[PDB]
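Worksheet for the structure shown next.
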Amino acid sequence: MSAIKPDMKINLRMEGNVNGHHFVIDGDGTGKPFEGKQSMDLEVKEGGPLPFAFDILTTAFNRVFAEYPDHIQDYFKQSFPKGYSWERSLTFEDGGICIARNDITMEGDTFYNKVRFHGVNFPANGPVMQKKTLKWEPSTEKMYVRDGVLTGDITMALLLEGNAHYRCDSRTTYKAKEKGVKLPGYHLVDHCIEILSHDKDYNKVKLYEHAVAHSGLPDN
Amino acid sequence: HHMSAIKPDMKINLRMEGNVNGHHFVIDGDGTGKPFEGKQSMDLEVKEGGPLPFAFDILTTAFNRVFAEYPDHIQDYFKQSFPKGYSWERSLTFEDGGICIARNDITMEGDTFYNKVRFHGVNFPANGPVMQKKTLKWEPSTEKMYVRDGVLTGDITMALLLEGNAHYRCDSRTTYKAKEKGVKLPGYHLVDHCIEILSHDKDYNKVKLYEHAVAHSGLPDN
Amino acid sequence: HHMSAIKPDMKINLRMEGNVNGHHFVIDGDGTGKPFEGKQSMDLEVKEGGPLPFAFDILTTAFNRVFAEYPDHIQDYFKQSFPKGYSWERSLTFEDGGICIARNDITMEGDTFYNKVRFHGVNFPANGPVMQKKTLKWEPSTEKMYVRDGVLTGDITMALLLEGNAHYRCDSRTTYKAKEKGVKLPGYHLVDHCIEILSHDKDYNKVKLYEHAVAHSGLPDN
Amino acid sequence: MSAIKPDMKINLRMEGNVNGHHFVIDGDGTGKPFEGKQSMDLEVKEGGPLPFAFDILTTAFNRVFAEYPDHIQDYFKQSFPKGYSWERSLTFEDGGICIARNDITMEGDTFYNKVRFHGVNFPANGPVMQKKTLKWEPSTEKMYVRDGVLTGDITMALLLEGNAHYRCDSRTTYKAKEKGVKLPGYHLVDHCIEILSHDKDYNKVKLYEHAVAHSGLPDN
């Protein structure tokens, strides 16, 4: 009767505004929570074609999808059926700043995601507005508790055309809806996110992520 | 060049929608101002989301650099942006991790500015001065104005005074963009600010706000 | 207060040693100044490591807030710190990753201030404005003075003017500590600064530097 | 085609100044470069007992000692016998900022390390001046090239007494002495550093580190 099933569906609606450009994006996917793997088909419903690199949105498209070993507390699987929410800031090295929120609920075998994304101050000659990005590099999220709230800090980098990189700092706070969800100790979550396929304007994107929790060296 | 259509006495009309730490709110504003004196006041009314669960002070600079006294030797991007108007986007990075972004579309009709304002903030700690409403006021500040990536940009070291005389630092970056073509870009300059909540009811559902701003070139001709 | 053994005209003696991007240097300075006017000037000479391979400008704020005009309504922590003296520590964080720290231990014998200065910088990119010497000057600035955990702290939004009238941003954080126990701390206030190189030889082995600084309470006051 | 041996000696000399406190610390250790392991006995020679937390110094006490797999360029082992140097900034969340430098050379089977360390603006009641730190948590360094120089950024955290964490951002730049050493692609270096033993005043410290380079998920 556990709330997390081996094979679950993801329903998602994101609405947002980057540099004044409004958009709405729907997502429909599937995933294996215990293997930390998920995939989603995304469709721009409003605001297509997007004038900014689709990659800035992709980590906003659920830490339920992370394989947690036994010795690390799994805050996110413990947050269901009721669910949890997160808030995030993305601080890019050229001054562009985004904030995002996701309210996550569950019914039967399906997670529901109410997503908001806002970005300001991206320069017109920067790699985001020039759509010069190729992918997020693999990353490692550092998970710790601060003021009673599980917090994830990430040194991220977008690979650009030309083999340069473009740095972004992520800070996420995760909050279970129900009281009594046990907070975890310090730990790390490896991430790899990839756009598997897209049409020319990125009005249709298939996205994939793999995530694994561990305790660092030497144990993991 | 360009003539302004800015008048010595103008009206201000403002609607803000936003969301801080997940709480939705809508706030309306109606005020007057003296553009060439750089002074303005506004009556604010929380329409949705009252009583606000966070310190009202974090919103107040989102509540127009038209209201800044510019001397003749510094180009005035803002008065030269009308009648068509301009927009700005802003990040507020607080020292305890709280981050806000805001934007304002400013138009003009007759003697009235219209402001379409959006405000979103995340990651404010539950026991911090913002969610505990321990702020007292913004200290007077100086905005540093310069052209970055072809765009007029204002960077400000800001500080909220807290109860128990302590300060809570916030870093501000704003980009300003005229709607019309051909607006001349200024050289580097400073804008002194002082913003004040003159009065408010107990829950800050109603707030009277005041700002005074003066542009200058720094020492010694300050 | 006015019980100062600070005189209206003071000599300034300085030795800086440092290392930027692996390059060692020693620089001596001899100047004079008017503490109550907030003005000072200095002749600087590179004794070792000349000609410097980085922009001289990054060094110049390390070349004493005694030379700041304080009005009577603001507590003057720096003039009150003498005759014993005070020390400061500083970080300079540049927008392209270059970071500097600096310290100065300031003493006084007779009519002369003595300055033991150290300056270390790391992580300047090979083709950035510092290592390529594209800086023209510091822009005028305003330092924001406040108390944090018992120590007077000054935060500054600084900008180096570059070739082509672009700007290169640096964030300054300084902590100031009187040697004597019990020197009274000021409330929040603002110090305008304008630092300028008045002349130099081609390689900047010899530089004449000037600074004007004035404390104030911001608008609508000063 | 070697230069670097499976077992190598380490000689270190650090001079520095934190909060105005001058200090000199000597190091003598051994390590296995191809296994990414090293141990060092440290001894304060001037400025002891230190008035600040010893932990802030320990990552300044050589990425030679990192296990690099065959599919990733090993910039550090390729830098010898000539050597290389690094510069680092540490930015703590409460305003304390450190810079450090190390000039690494090699004479026979021994590495030599000329280390400098300077720290400023640590609050008198912060965990560093109050010596309230317990250890660095395991970390992951993100390694990428920027303006021709191999750069590593780290989200780091000190565990404190009282079940709390104290966050520090590290940026290091690494420069081979010899011209033309091949730069690597983007990659990640897991770290775990540990004070194994120490006397009461931390005037003698036994330090240990384990480091392993990898390409992130799923390649690890």
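Ordering of the structure tokens sets the chain letters (A, B, ...); residue numbers start at 1 within each chain; ligands are numbered from 1 in the order shown.
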I'd like the contact shell of stretch 51-55 of chain D - 6 Å cut-off, only C-alpha atoms, skipping same-chain residues fewer than 6 positions apart - returned as an mmCIF file with C-alpha atoms, in the first residue's frame.
```
data_model
loop_
_atom_site.group_PDB
_atom_site.id
_atom_site.type_symbol
_atom_site.label_atom_id
_atom_site.label_comp_id
_atom_site.auth_asym_id
_atom_site.auth_seq_id
_atom_site.Cartn_x
_atom_site.Cartn_y
_atom_site.Cartn_z
ATOM 1 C CA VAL D 128 35.818 29.997 12.387
ATOM 2 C CA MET D 129 37.084 32.373 15.094
ATOM 3 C CA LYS D 131 36.653 27.128 16.536
#
```
field: Within 6 Å of stretch 13-19 of chain C using only C-alpha atoms, minus same-chain residues under 2 positions, as a list in words
entry: residues 22, 23, 24, 25, 26, 27, 28, 29, 30, 113, 114, 115, 116, 117, 118, 119 and 120 of chain C
Mind listing as a PDB file with N, CA and C atoms, in the first residue's frame which residues of chain A are within 8 Å of chain B, counting only C-alpha atoms?
```pdb
ATOM      1  N   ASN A  19      12.666  37.498 -19.240  1.00  0.00           N
ATOM      2  CA  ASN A  19      12.996  38.760 -19.920  1.00  0.00           C
ATOM      3  C   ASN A  19      11.768  39.432 -20.529  1.00  0.00           C
ATOM      4  N   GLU A  87      11.265  25.519  -3.965  1.00  0.00           N
ATOM      5  CA  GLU A  87      11.592  26.835  -4.485  1.00  0.00           C
ATOM      6  C   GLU A  87      13.059  26.816  -4.857  1.00  0.00           C
ATOM      7  N   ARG A  88      13.412  27.589  -5.884  1.00  0.00           N
ATOM      8  CA  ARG A  88      14.745  27.508  -6.455  1.00  0.00           C
ATOM      9  C   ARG A  88      15.150  28.865  -6.998  1.00  0.00           C
ATOM     10  N   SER A  89      16.429  29.187  -6.846  1.00  0.00           N
ATOM     11  CA  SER A  89      17.037  30.331  -7.495  1.00  0.00           C
ATOM     12  C   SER A  89      18.172  29.812  -8.362  1.00  0.00           C
ATOM     13  N   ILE A  97      19.147  36.029 -13.697  1.00  0.00           N
ATOM     14  CA  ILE A  97      18.682  35.374 -12.473  1.00  0.00           C
ATOM     15  C   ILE A  97      17.290  34.813 -12.706  1.00  0.00           C
ATOM     16  N   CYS A  98      17.085  33.539 -12.346  1.00  0.00           N
ATOM     17  CA  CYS A  98      15.764  32.936 -12.417  1.00  0.00           C
ATOM     18  C   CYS A  98      15.322  32.469 -11.036  1.00  0.00           C
ATOM     19  N   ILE A  99      14.009  32.471 -10.820  1.00  0.00           N
ATOM     20  CA  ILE A  99      13.408  31.791  -9.677  1.00  0.00           C
ATOM     21  C   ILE A  99      12.334  30.858 -10.218  1.00  0.00           C
ATOM     22  N   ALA A 100      12.082  29.783  -9.481  1.00  0.00           N
ATOM     23  CA  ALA A 100      11.095  28.814  -9.913  1.00  0.00           C
ATOM     24  C   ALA A 100      10.482  28.163  -8.685  1.00  0.00           C
ATOM     25  N   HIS A 118      10.504  32.270 -13.543  1.00  0.00           N
ATOM     26  CA  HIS A 118      10.670  33.688 -13.854  1.00  0.00           C
ATOM     27  C   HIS A 118      12.145  34.035 -13.956  1.00  0.00           C
ATOM     28  N   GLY A 119      12.517  34.719 -15.026  1.00  0.00           N
ATOM     29  CA  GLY A 119      13.899  35.107 -15.223  1.00  0.00           C
ATOM     30  C   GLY A 119      13.985  36.545 -15.684  1.00  0.00           C
ATOM     31  N   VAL A 120      15.050  37.214 -15.240  1.00  0.00           N
ATOM     32  CA  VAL A 120      15.283  38.620 -15.550  1.00  0.00           C
ATOM     33  C   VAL A 120      16.765  38.812 -15.821  1.00  0.00           C
ATOM     34  N   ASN A 121      17.068  39.899 -16.540  1.00  0.00           N
ATOM     35  CA  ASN A 121      18.408  40.449 -16.678  1.00  0.00           C
ATOM     36  C   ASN A 121      19.345  39.581 -17.504  1.00  0.00           C
ATOM     37  N   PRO A 123      21.342  39.199 -20.701  1.00  0.00           N
ATOM     38  CA  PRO A 123      21.739  40.157 -21.740  1.00  0.00           C
ATOM     39  C   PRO A 123      21.528  39.590 -23.136  1.00  0.00           C
ATOM     40  N   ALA A 124      21.199  40.489 -24.068  1.00  0.00           N
ATOM     41  CA  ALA A 124      20.835  40.083 -25.423  1.00  0.00           C
ATOM     42  C   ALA A 124      21.985  39.401 -26.151  1.00  0.00           C
ATOM     43  N   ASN A 125      23.219  39.723 -25.789  1.00  0.00           N
ATOM     44  CA  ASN A 125      24.397  39.113 -26.389  1.00  0.00           C
ATOM     45  C   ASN A 125      24.895  37.891 -25.629  1.00  0.00           C
ATOM     46  N   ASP A 147      17.844  25.972   8.867  1.00  0.00           N
ATOM     47  CA  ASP A 147      16.639  26.553   9.472  1.00  0.00           C
ATOM     48  C   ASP A 147      15.440  25.612   9.331  1.00  0.00           C
ATOM     49  N   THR A 172      18.051  25.275  -3.946  1.00  0.00           N
ATOM     50  CA  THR A 172      16.684  24.796  -3.854  1.00  0.00           C
ATOM     51  C   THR A 172      16.360  24.519  -2.388  1.00  0.00           C
ATOM     52  N   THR A 173      15.141  24.861  -1.973  1.00  0.00           N
ATOM     53  CA  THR A 173      14.594  24.481  -0.674  1.00  0.00           C
ATOM     54  C   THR A 173      13.386  23.583  -0.913  1.00  0.00           C
TER      55      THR A 173
END
```
Return chain C as a compact mmCIF listing (two decimals) with C-alpha atoms, in the first residue's frame, after superposing it on chain B by a least-squares fit that covers all C-alpha atoms paired in order.
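Here's the written file out05.txt:
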```txt
# COMPACT_ATOMS: atom_id res chain seq x y z
CA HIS C 1 16.84 67.95 -23.31
CA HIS C 2 13.40 69.27 -22.31
CA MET C 3 10.98 68.13 -25.08
CA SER C 4 9.21 66.07 -22.41
CA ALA C 5 5.48 65.43 -22.26
CA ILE C 6 6.29 64.76 -18.60
CA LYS C 7 4.53 67.41 -16.49
CA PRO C 8 5.75 68.99 -13.22
CA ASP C 9 2.98 67.14 -11.37
CA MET C 10 2.03 63.62 -12.47
CA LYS C 11 -0.45 61.03 -11.25
CA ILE C 12 0.72 57.45 -10.64
CA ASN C 13 -1.41 54.34 -11.19
CA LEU C 14 -0.01 50.95 -10.21
CA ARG C 15 -1.06 47.32 -9.91
CA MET C 16 1.34 44.74 -8.50
CA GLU C 17 0.73 41.00 -8.48
CA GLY C 18 3.19 38.64 -6.93
CA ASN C 19 4.16 35.61 -4.90
CA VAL C 20 6.64 35.45 -2.03
CA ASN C 21 7.45 32.06 -0.50
CA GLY C 22 4.28 30.62 -2.06
CA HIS C 23 1.93 33.37 -0.84
CA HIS C 24 -0.01 35.17 -3.61
CA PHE C 25 -1.00 38.83 -3.39
CA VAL C 26 -2.41 41.70 -5.44
CA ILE C 27 -1.67 45.29 -4.37
CA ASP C 28 -2.99 48.49 -5.97
CA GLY C 29 -1.40 51.92 -5.74
CA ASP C 30 -2.52 55.47 -6.51
CA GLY C 31 -0.15 58.38 -6.02
CA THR C 32 1.26 61.64 -7.34
CA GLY C 33 4.77 62.89 -7.89
CA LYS C 34 7.09 65.65 -9.05
CA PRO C 35 9.42 64.22 -11.74
CA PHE C 36 11.74 67.22 -11.90
CA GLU C 37 12.07 67.31 -8.09
CA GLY C 38 12.68 63.56 -7.78
CA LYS C 39 9.80 63.07 -5.32
CA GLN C 40 6.69 60.89 -5.33
CA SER C 41 4.12 59.51 -2.91
CA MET C 42 1.58 56.72 -3.13
CA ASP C 43 -1.29 55.16 -1.21
CA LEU C 44 -1.12 51.36 -1.47
CA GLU C 45 -3.86 48.84 -0.69
CA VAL C 46 -3.55 45.05 -0.46
CA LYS C 47 -6.45 43.74 -2.55
CA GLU C 48 -5.65 40.02 -2.20
CA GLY C 49 -3.44 38.02 0.16
CA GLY C 50 -3.79 40.38 3.13
CA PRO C 51 -2.54 40.43 5.73
CA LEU C 52 0.84 39.66 4.17
CA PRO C 53 2.94 37.09 6.10
CA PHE C 54 6.27 38.73 5.13
CA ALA C 55 7.76 42.18 5.71
CA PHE C 56 6.07 44.80 3.52
CA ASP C 57 9.43 46.60 3.18
CA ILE C 58 10.83 44.07 0.68
CA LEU C 59 8.20 45.25 -1.82
CA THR C 60 8.66 48.99 -1.63
CA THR C 61 11.41 49.62 -4.22
CA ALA C 62 9.14 47.92 -6.76
CA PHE C 63 6.51 50.57 -5.96
CA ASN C 64 10.22 54.55 -11.57
CA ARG C 65 13.44 56.50 -12.04
CA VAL C 66 11.52 59.26 -13.82
CA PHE C 67 10.96 60.52 -10.27
CA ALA C 68 14.61 61.46 -9.91
CA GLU C 69 16.13 64.93 -10.13
CA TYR C 70 18.62 64.88 -13.02
CA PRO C 71 21.07 67.77 -13.40
CA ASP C 72 21.59 69.21 -16.87
CA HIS C 73 25.08 67.70 -17.26
CA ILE C 74 23.78 64.10 -16.89
CA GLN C 75 21.69 62.47 -19.62
CA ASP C 76 18.22 61.66 -18.26
CA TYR C 77 17.42 58.33 -19.88
CA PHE C 78 14.04 58.05 -18.11
CA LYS C 79 12.45 61.39 -18.98
CA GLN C 80 13.80 60.93 -22.55
CA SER C 81 11.99 57.54 -22.72
CA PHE C 82 8.55 59.18 -22.79
CA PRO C 83 5.88 59.50 -24.11
CA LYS C 84 6.27 55.85 -25.24
CA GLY C 85 7.66 54.60 -21.94
CA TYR C 86 10.10 52.03 -20.69
CA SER C 87 10.39 48.83 -18.67
CA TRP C 88 12.73 47.54 -15.99
CA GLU C 89 13.74 44.16 -14.53
CA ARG C 90 15.32 43.70 -11.13
CA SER C 91 16.87 41.07 -8.91
CA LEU C 92 17.01 41.46 -5.11
CA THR C 93 19.57 39.10 -3.50
CA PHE C 94 19.44 39.05 0.30
CA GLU C 95 22.30 38.03 2.56
CA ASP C 96 20.45 34.98 3.95
CA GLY C 97 19.56 33.42 0.58
CA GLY C 98 16.16 34.96 -0.11
CA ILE C 99 16.00 36.11 -3.75
CA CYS C 100 13.38 38.24 -5.49
CA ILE C 101 12.82 39.24 -9.07
CA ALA C 102 10.55 42.03 -10.18
CA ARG C 103 9.53 43.83 -13.34
CA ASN C 104 7.57 46.98 -14.17
CA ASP C 105 6.20 48.04 -17.56
CA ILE C 106 5.72 51.82 -17.37
CA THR C 107 3.41 53.66 -19.77
CA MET C 108 1.82 57.09 -19.74
CA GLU C 109 -1.65 58.35 -20.64
CA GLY C 110 -2.15 62.08 -20.28
CA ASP C 111 -0.81 63.08 -16.87
CA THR C 112 -0.71 59.55 -15.38
CA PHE C 113 2.03 56.93 -15.25
CA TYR C 114 0.73 53.36 -15.43
CA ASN C 115 2.78 50.59 -13.84
CA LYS C 116 2.34 46.86 -14.48
CA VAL C 117 4.43 45.33 -11.66
CA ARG C 118 5.22 41.68 -10.87
CA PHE C 119 7.18 40.51 -7.83
CA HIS C 120 8.33 36.96 -7.01
CA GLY C 121 10.45 35.88 -4.05
CA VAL C 122 11.83 32.51 -3.04
CA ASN C 123 13.97 30.86 -0.38
CA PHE C 124 13.34 33.21 2.56
CA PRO C 125 14.14 31.25 5.76
CA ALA C 126 11.20 30.71 8.09
CA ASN C 127 12.93 32.54 10.95
CA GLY C 128 14.69 35.27 8.96
CA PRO C 129 13.93 38.97 9.33
CA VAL C 130 11.60 38.91 6.31
CA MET C 131 9.22 36.09 7.28
CA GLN C 132 9.31 37.20 10.96
CA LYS C 133 8.65 40.89 10.09
CA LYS C 134 11.63 42.38 11.96
CA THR C 135 12.37 45.15 9.42
CA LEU C 136 11.94 48.86 10.22
CA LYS C 137 12.93 50.64 6.98
CA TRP C 138 15.28 50.80 4.05
CA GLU C 139 18.31 52.90 4.73
CA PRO C 140 19.17 55.70 2.27
CA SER C 141 21.11 54.30 -0.65
CA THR C 142 23.11 55.23 -3.75
CA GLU C 143 22.42 53.43 -7.03
CA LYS C 144 25.38 53.07 -9.39
CA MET C 145 24.24 53.60 -13.01
CA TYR C 146 26.27 52.29 -15.95
CA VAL C 147 25.86 50.66 -19.37
CA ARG C 148 26.43 46.92 -19.82
CA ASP C 149 25.92 45.25 -23.22
CA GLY C 150 23.84 48.16 -24.49
CA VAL C 151 21.43 48.43 -21.52
CA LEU C 152 21.44 50.95 -18.67
CA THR C 153 22.18 49.07 -15.45
CA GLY C 154 21.83 50.17 -11.82
CA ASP C 155 23.59 48.30 -8.98
CA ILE C 156 22.67 49.11 -5.35
CA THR C 157 24.11 48.13 -1.95
CA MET C 158 20.88 48.20 0.07
CA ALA C 159 20.29 47.57 3.76
CA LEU C 160 17.14 47.03 5.80
CA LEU C 161 17.30 48.43 9.31
CA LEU C 162 16.13 45.79 11.79
CA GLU C 163 14.79 45.70 15.33
CA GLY C 164 17.74 46.41 17.62
CA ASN C 165 19.49 48.57 14.98
CA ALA C 166 21.01 45.63 13.19
CA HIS C 167 21.01 45.57 9.42
CA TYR C 168 20.00 43.03 6.78
CA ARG C 169 21.76 43.44 3.45
CA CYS C 170 20.26 43.15 -0.04
CA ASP C 171 22.05 43.57 -3.38
CA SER C 172 19.97 45.18 -6.13
CA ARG C 173 20.55 44.84 -9.87
CA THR C 174 18.16 46.64 -12.24
CA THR C 175 18.20 46.85 -16.06
CA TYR C 176 16.23 49.67 -17.71
CA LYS C 177 15.02 49.55 -21.35
CA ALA C 178 13.26 52.34 -23.20
CA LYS C 179 10.50 51.21 -25.56
CA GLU C 180 11.59 53.57 -28.32
CA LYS C 181 14.61 52.67 -30.40
CA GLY C 182 17.62 54.95 -30.16
CA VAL C 183 17.22 56.67 -26.78
CA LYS C 184 20.67 57.94 -25.82
CA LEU C 185 22.41 56.11 -22.93
CA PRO C 186 23.99 58.14 -20.09
CA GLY C 187 27.53 57.83 -18.86
CA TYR C 188 28.28 56.51 -15.39
CA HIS C 189 26.51 58.39 -12.59
CA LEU C 190 25.00 57.95 -9.12
CA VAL C 191 21.38 58.26 -7.93
CA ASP C 192 20.80 58.89 -4.23
CA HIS C 193 17.59 57.29 -2.96
CA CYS C 194 15.56 57.61 0.25
CA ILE C 195 12.36 55.55 0.42
CA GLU C 196 10.11 55.80 3.47
CA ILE C 197 6.77 54.45 4.68
CA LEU C 198 4.97 57.55 5.99
CA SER C 199 2.11 55.64 7.65
CA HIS C 200 0.40 52.26 7.66
CA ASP C 201 -2.29 50.33 9.43
CA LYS C 202 -1.34 47.51 11.78
CA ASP C 203 -1.28 44.67 9.24
CA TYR C 204 0.09 46.83 6.37
CA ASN C 205 -3.04 46.31 4.26
CA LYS C 206 -2.89 50.11 3.70
CA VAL C 207 0.48 51.87 3.31
CA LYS C 208 1.44 55.43 2.33
CA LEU C 209 4.90 55.43 0.67
CA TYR C 210 7.36 58.20 -0.23
CA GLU C 211 10.60 58.43 -2.21
CA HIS C 212 13.16 61.16 -2.92
CA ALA C 213 15.83 60.54 -5.55
CA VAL C 214 18.57 62.75 -6.98
CA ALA C 215 21.14 61.94 -9.67
CA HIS C 216 24.68 63.27 -9.46
CA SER C 217 28.27 62.75 -10.60
CA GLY C 218 29.76 61.96 -7.18
CA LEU C 219 32.57 63.90 -5.55
CA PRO C 220 34.16 66.39 -5.80
CA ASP C 221 31.24 67.48 -7.96
CA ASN C 222 27.99 66.61 -6.16
```
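Proximity ranking of D:29, D:180, D:69, D:36 relative to chain A places D:36 first, based on only C-alpha atoms.
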message: I'd like to know which residues of stretch 26-132 of chain B are helix (DSSP H, G or I) (by DSSP, run on the backbone); could you write them as a PyMOL selection string?
response: chain B and resi 56-59+79-81
message: Excluding residue D:117 and its own-chain neighbours fewer than 6 positions away, which residues fall within 8 Å of it when counting only C-alpha atoms? Please give them as an MDAnalysis selection string.
response: chainID D and resid 14:18 57 60 98:101
field: Polymer residues at most 8 Å from stretch 71-76 of chain A, only C-alpha atoms, same-chain spacing of 2 or more positions, as a ChimeraX atom specification
entry: /A:63-64,68-69,78-80,84,176,181-185,187,213-215
- request: Report the residues of stretch 44-203 of chain D whose backbone DSSP state falls under strand (DSSP E or B), written as a PyMOL selection string.
  value: chain D and resi 44-46+67+84-92+97-107+110-120+133-136+139-146+149-160+164-176+187-198
message: Between atom CA of residue D:116 and atom CA of residue D:13, what is the distance in Å, rounded to a tenth?
response: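 Atom-to-atom, atom CA of residue D:116 to atom CA of residue D:13, that is 8.5 Å.
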Enumerate, in order of chain and increasing residue number, the residues of chain D with an atom no farther than 8 Å from chain A, each with its shortest atom pair and distance in Å to one decimal, counting only C-alpha atoms, as JSON lines.
```
{"residue": "D:137", "atom": "CA", "partner": "A:186", "partner_atom": "CA", "distance": 7.9}
{"residue": "D:138", "atom": "CA", "partner": "A:216", "partner_atom": "CA", "distance": 5.3}
{"residue": "D:139", "atom": "CA", "partner": "A:216", "partner_atom": "CA", "distance": 6.9}
{"residue": "D:140", "atom": "CA", "partner": "A:140", "partner_atom": "CA", "distance": 6.8}
{"residue": "D:142", "atom": "CA", "partner": "A:155", "partner_atom": "CA", "distance": 7.3}
{"residue": "D:144", "atom": "CA", "partner": "A:165", "partner_atom": "CA", "distance": 7.3}
{"residue": "D:145", "atom": "CA", "partner": "A:164", "partner_atom": "CA", "distance": 7.2}
{"residue": "D:146", "atom": "CA", "partner": "A:164", "partner_atom": "CA", "distance": 7.1}
{"residue": "D:153", "atom": "CA", "partner": "A:155", "partner_atom": "CA", "distance": 7.1}
{"residue": "D:154", "atom": "CA", "partner": "A:155", "partner_atom": "CA", "distance": 6.8}
{"residue": "D:155", "atom": "CA", "partner": "A:155", "partner_atom": "CA", "distance": 6.3}
{"residue": "D:164", "atom": "CA", "partner": "A:146", "partner_atom": "CA", "distance": 7.2}
{"residue": "D:165", "atom": "CA", "partner": "A:144", "partner_atom": "CA", "distance": 7.3}
{"residue": "D:186", "atom": "CA", "partner": "A:137", "partner_atom": "CA", "distance": 7.9}
{"residue": "D:190", "atom": "CA", "partner": "A:217", "partner_atom": "CA", "distance": 6.9}
{"residue": "D:191", "atom": "CA", "partner": "A:217", "partner_atom": "CA", "distance": 6.6}
{"residue": "D:192", "atom": "CA", "partner": "A:217", "partner_atom": "CA", "distance": 5.7}
{"residue": "D:210", "atom": "CA", "partner": "A:217", "partner_atom": "CA", "distance": 7.2}
{"residue": "D:211", "atom": "CA", "partner": "A:217", "partner_atom": "CA", "distance": 7.7}
{"residue": "D:215", "atom": "CA", "partner": "A:138", "partner_atom": "CA", "distance": 7.5}
{"residue": "D:216", "atom": "CA", "partner": "A:138", "partner_atom": "CA", "distance": 5.3}
{"residue": "D:217", "atom": "CA", "partner": "A:192", "partner_atom": "CA", "distance": 5.6}
{"residue": "D:218", "atom": "CA", "partner": "A:192", "partner_atom": "CA", "distance": 7.4}
```
Dump of C-alpha atoms for the selected residues, as an mmCIF file, in the first residue's frame:
```cif
data_model
loop_
_atom_site.group_PDB
_atom_site.id
_atom_site.type_symbol
_atom_site.label_atom_id
_atom_site.label_comp_id
_atom_site.auth_asym_id
_atom_site.auth_seq_id
_atom_site.Cartn_x
_atom_site.Cartn_y
_atom_site.Cartn_z
ATOM 1 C CA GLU D 137 31.885 17.172 4.235
ATOM 2 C CA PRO D 138 32.712 15.065 1.163
ATOM 3 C CA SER D 139 32.634 17.278 -1.915
ATOM 4 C CA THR D 140 32.685 17.243 -5.707
ATOM 5 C CA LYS D 142 33.591 20.708 -11.109
ATOM 6 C CA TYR D 144 36.312 23.105 -16.686
ATOM 7 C CA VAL D 145 38.501 25.320 -18.891
ATOM 8 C CA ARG D 146 38.052 29.094 -18.811
ATOM 9 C CA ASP D 153 34.571 25.240 -8.579
ATOM 10 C CA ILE D 154 33.323 23.499 -5.412
ATOM 11 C CA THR D 155 30.205 23.803 -3.270
ATOM 12 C CA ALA D 164 24.563 22.700 11.383
ATOM 13 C CA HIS D 165 26.521 23.408 8.230
ATOM 14 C CA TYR D 186 34.801 18.906 -18.323
ATOM 15 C CA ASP D 190 35.036 13.649 -5.724
ATOM 16 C CA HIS D 191 36.861 14.724 -2.557
ATOM 17 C CA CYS D 192 36.944 13.568 1.053
ATOM 18 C CA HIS D 210 40.979 10.695 -0.931
ATOM 19 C CA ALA D 211 40.112 11.985 -4.407
ATOM 20 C CA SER D 215 32.550 11.906 -15.719
ATOM 21 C CA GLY D 216 29.360 11.994 -13.645
ATOM 22 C CA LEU D 217 26.210 9.981 -14.211
ATOM 23 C CA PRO D 218 25.917 7.425 -15.415
#
```
Two-atom distance - atom CA of residue D:24, atom CA of residue D:109 (Å):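 Between atom CA of residue D:24 and atom CA of residue D:109 the gap is 24.5 Å.
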- line: In Å and to one decimal, atom CA of residue A:203 is distant from atom CA of residue A:50 by 7.7 Å
